[PDB]
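Below you will find one chain, with nothing else, as structure tokens; this is the form deposited in one PDB entry, and questions on how it binds or moves follow later.
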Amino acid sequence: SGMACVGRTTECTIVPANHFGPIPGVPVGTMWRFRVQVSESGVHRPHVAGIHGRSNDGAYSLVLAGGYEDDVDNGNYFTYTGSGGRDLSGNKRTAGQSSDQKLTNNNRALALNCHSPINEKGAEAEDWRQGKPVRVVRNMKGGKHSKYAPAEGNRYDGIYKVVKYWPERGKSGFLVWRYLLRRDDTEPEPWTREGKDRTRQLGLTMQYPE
């Protein structure tokens, strides 16, 4: 079973589970081979889910991992897809779209980060930088369609904010919730010349399980 059914070896105690913003001691460019490690770091606590959020508070983090065809990654911004609209019966974790997504649970959480009152028809923020921060991790499985994904594993790419969100018919013909995320982070983007230099100057290397 390797890493398929494993739990954490430690938990992040440096900040609590509902911390908004960067995790202390984890710079942009930090890299981990497996999602469980990303969880142990505090950067993205769920081992499987794309969004970490509480539907009455906000979303703390998300992962771009190519798991949702409606995702569109443009590096310094991206269009993210809500979760759900899927039949996971039979103890699945992933499936194709087979019903309309809903503005509930993780999807409502991420909408709350937008600097606009929550709205079932979607919203746009007049001052997007006042929104709640989202920690963004890119996983190599996004690399099928995105040149910004890391070659392997998972990489912390910094703080993004939700500019707007809206419902739209997805590629599979069912409604999906879509979110425009835009970067708001003083640290360089890992894929740029400056980001590559920073990663090197910091001595960051891929973290593997102990």
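Quick note: we count residues from 1 along the sequence shown, nothing fancier. Basically, rigid core = biggest C-alpha set you can superpose within 1.5 Å across the two forms.
Only in words, not in the display: the form deposited in another entry, which the text now covers.
- For the listed set 166, 148, 174, 34, the sole C-alpha moving 2 Å or more between the shown form and the other one on a rigid core superposition is that of 174.
- After superposition on the rigid core, displacement of the C-alpha of residue 184 between the shown form and the other one stays below 2 Å.
- Residue 67 shows a C-alpha shift of 2 Å or greater between the shown form and the other one [criterion: core-superposed Cα displacement of 2 Å].
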